[PDB]
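> please find the sequence and an experimentally derived structure below.
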Amino acid sequence: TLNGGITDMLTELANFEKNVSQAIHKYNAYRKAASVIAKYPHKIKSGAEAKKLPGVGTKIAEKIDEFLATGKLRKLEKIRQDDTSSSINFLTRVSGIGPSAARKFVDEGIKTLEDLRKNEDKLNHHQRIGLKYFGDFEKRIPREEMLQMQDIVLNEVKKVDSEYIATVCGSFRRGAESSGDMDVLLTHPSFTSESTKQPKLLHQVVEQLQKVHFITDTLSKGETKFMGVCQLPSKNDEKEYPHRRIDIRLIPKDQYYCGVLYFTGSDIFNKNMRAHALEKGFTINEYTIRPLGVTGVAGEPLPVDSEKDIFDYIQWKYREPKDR
DNA sequence: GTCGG
DNA sequence: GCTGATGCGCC
DNA sequence: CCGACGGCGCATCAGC
Ligand code: NA
Ligand code: NA
């Protein structure tokens, strides 16, 4: 693509700041910069040129000046041939292994997957599973596979109880041809913000989906949220399917559509809707849409029956998931 | 690191 | 055994 | 010149 050399350099740096430096805000900055530049419709020929783009500053422009001049960045070279740093990056690719655990591991000489398998006694549950499915988790999910995944979930949840209301979100709902994980939202008439009845609502669904061997592993579970692994059924003539990440999320009925809206992405679209709404006199978040008082003071959550209503409130014309 | 009060 | 801090992954 | 930049659910460990 365009300025892919630059956008790579920046992402490489972002990851360095998160994993090795533990400097999360520099990480976000570098990302921001990589994403703008990736959107830019010309080949950048100077640092100064880039700078005009919001999120690019003194330091990144100068690093852009150097890459273009020399084809490479001297700081990055240095880092790629630092054993501690590269090893620490690598480890964090395992789900369950963040910068903290990565650093500790490498301090006691554990640097590779091999070293990890050798030491499964030193990993919690999550990490063990991440280890188990390392490659399968880096694979993308073509849209076809998703559809089969959906129907099963939808069916299985129907079987449990006919009043459950599952929606699948993420890229998939927007129509993207491949998606990273599977986010599922869940709700039921018996569950509202006020009417918090007995749980096991989420449990019995998880239970069911284990029972038809669609779910194969649990990374975390609780009253409202589940994270695990799942696998499409083996066609048997052919090669068994790769294991995927699944999240299921139980949300009160009075907050579903705000949940759906939020979790259907993207980062940018929400930030823009939240910013538009902000000045039109409403604050919306994961859970509710609330009007602001004359004084700039949130009143009460407005009722919501659909994604549409949230667009009504701010008089913004509807934008189907397709176009967000 | 970049931005904005 | 408890409660609160922190790590981790997530629009 | 200097703080904000996302806030949350669950698992785990530190401190008592
Ligand atoms: Na700029
Ligand atoms: Na990780």
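Here it is on my side, so go on. Numbers count the residues shown, from 1 in each chain, chains lettered A, B, ... in the order given. Ligands and ions are numbered 1, 2, ... in the order given.
> give me the nearest residue to the residue in chain A positioned nearest to DNA strand B, chain neighbours excluded.
At 2.4 Å from DNA strand B, residue A:57 is the closest residue in chain A, using C-beta to the nearest atom of the strand. To be clear about C-beta, it is placed using only N, CA and C from the backbone, and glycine gets the same treatment. Distances taken as C-beta to C-beta, 6 or more residues apart in numbering place residue A:51 nearest to residue A:57, at 7.0 Å, with adjacent residues excluded.
> now that neighbour: how far from residue A:44?
Distance of residue A:51 to residue A:44, given as C-beta to C-beta, to the nearest Å: 10 Å.
> looking at those two, which one has more neighbours?
Shown here are residue A:51 and residue A:44; by other C-beta atoms under 10 Å, residue A:44 has more neighbours (21 against 16).
> surely the more buried one and residue A:5 touch.
No: Residue A:44 lies out of contact with residue A:5 (C-beta atoms under 8 Å); the separation is 9.7 Å.
> buried stuff in stretch A:199-215?
For stretch A:199-215, a neighbour-count test (16 or more other C-beta atoms under 10 Å) marks A:201, A:202, A:205, A:206, A:208, A:209, A:214, A:215 as buried.
> let's have those in TSV, adding distance to DNA strand D.
As requested, those are exported to TSV (distance: C-beta to the nearest atom of the strand, whole Å):
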residue	distance to DNA strand D
A:201	11
A:202	8
A:205	13
A:206	11
A:208	18
A:209	16
A:214	19
A:215	14
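> let me see the domain layout of chain A.
As assigned by curated CATH domains, chain A contains the domains A:1-82, A:83-139, A:140-262, A:263-324.
> quick one: is the third one near ligand 2?
Same thing as domain A:140-262. No: counting by C-beta under 5 Å from the ion, ligand 2 has no neighbours in domain A:140-262; the shortest distance is 11.7 Å.
> can you tell me if that domain touches DNA strand C.
Yes: judged by C-beta under 7 Å from any atom of the strand, domain A:140-262 and DNA strand C are in contact via A:169, A:170, A:180, A:181, A:183, A:245, A:247, A:262.
> among those, which one sits closest to ligand 2?
residue A:245 (11.9 Å; C-beta to the ion).
> ok, that closest one touching residue A:182?
Yes: counting by C-beta under 8 Å, residue A:245 does reach residue A:182; the two are 7.0 Å apart.
> so which bits of the stretch 1-150 of chain A are right by DNA strand D?
Taking C-beta under 7 Å from any atom of the strand, the part of the stretch 1-150 of chain A that reaches DNA strand D is made up of A:25, A:28, A:29, A:124, A:125, A:126.
> strands along the stretch 1-150 of chain A, start to end?
A:141-142 (DSSP state E, counting those that start in this stretch).
> where exactly do the helices run in it?
A:4-16, A:24-39, A:47-51, A:58-70, A:74-80, A:83-92, A:99-107, A:113-118, A:125-132, A:134-138, A:143-160 (DSSP state H, counting those that start in this stretch).
> give the buried residues for the first one.
Right, helix A:4-16. Residues A:6, A:7, A:9, A:10, A:11, A:12, A:13, A:14, A:15, A:16 are the ones in helix A:4-16 that count as buried (16+ other C-beta under 10 Å).
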